[PDB]
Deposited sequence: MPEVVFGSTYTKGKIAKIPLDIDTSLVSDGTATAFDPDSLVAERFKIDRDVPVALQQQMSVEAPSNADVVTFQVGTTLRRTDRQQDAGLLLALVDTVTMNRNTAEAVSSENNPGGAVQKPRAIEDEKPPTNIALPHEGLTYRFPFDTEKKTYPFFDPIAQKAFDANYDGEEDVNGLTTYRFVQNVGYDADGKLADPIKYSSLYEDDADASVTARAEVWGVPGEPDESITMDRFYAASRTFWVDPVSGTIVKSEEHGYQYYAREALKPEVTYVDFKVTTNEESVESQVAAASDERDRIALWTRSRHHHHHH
């Protein structure tokens, strides 16, 4: 019965650490990889047209940046995603499928298909137990993309040049520039791959994802299962202020759902 509201406008930040290619070393003598770098992953979500009684469209801008740099520097990743979803089920109507940014109302202790926009497919978000988050009893879900349930790199996504985003899907450079073994001035072509793992903490009543943990791994390799050079390898978790903001938003949605449900009954 409940519907996703049309006034969603959120800005959520997840802090963590990464190993990443320094964008400013692109034309240097060697590709520079910075290790154990502090990062912040920011997600801006707003409602856009088409949105009506049946559907809601969300435009989501995601950026990853170094936090030991001022605002004009340390820019690592920047992605935009747009999805139209059913307001009652949160399922998608690039073509998306399943859940994308929210879980359904009255979320159950079961598996849900959860879209990964880089993999361009839904992967299972498996129920993993209950957990308290700031006084709210949440359901935990775990999703693996390119990793099998045992956490082993198994089917990482190979980037297409059409959807390579900010970095080339295929890169040719000297072994010396890549920093890998090779013959003198050997030329090596590597392809970029992607694998990720995420945990979601969900309010079962509103379906709001109040907290998330995300591990994203992008790397260059000649063979998918033998990574050679990291492009970005990050692990982030929703920060305390953003968790508080989502817990407050979920609580306000629960209060409105409760008011409407009680009015429909006696």
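- Positions of the deposited sequence absent from the coordinates, in order: 1 to 14, 108 to 133, 307 to 310.
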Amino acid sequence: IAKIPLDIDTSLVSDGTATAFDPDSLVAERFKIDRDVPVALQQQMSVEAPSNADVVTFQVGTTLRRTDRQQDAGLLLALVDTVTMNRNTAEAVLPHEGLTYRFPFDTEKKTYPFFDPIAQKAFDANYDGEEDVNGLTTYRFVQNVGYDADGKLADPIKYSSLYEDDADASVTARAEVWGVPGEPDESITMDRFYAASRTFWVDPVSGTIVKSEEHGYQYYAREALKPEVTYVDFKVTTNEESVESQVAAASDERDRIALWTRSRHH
From here on, numbers count along this sequence of modelled residues.
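- The mean Cα B-factor in the deposited entry runs higher for 22 to 30 than for the other of 22 to 30 and 41 to 49.
- When the mean C-alpha temperature factors of 84 to 92 and 133 to 141 are read from the deposited coordinates, 133 to 141 comes out higher.
- Highest C-alpha temperature factor among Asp233, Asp54, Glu213, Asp36 per the entry: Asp36.
- Among the modelled residues of the chain, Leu79 sits in the middle third by CA temperature factor in this PDB entry.
- Ranked by C-alpha B-factor against the other modelled residues of its chain, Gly151 falls in the highest third.
- When all modelled residues of the chain are sorted by CA temperature factor, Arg174 is found within the highest third.
- Remark: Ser187 belongs to the highest third of its chain, ranked by C-alpha B-factor as recorded.
- Annotation for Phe105: CA B-factor lies in the middle third of the chain's modelled residues.
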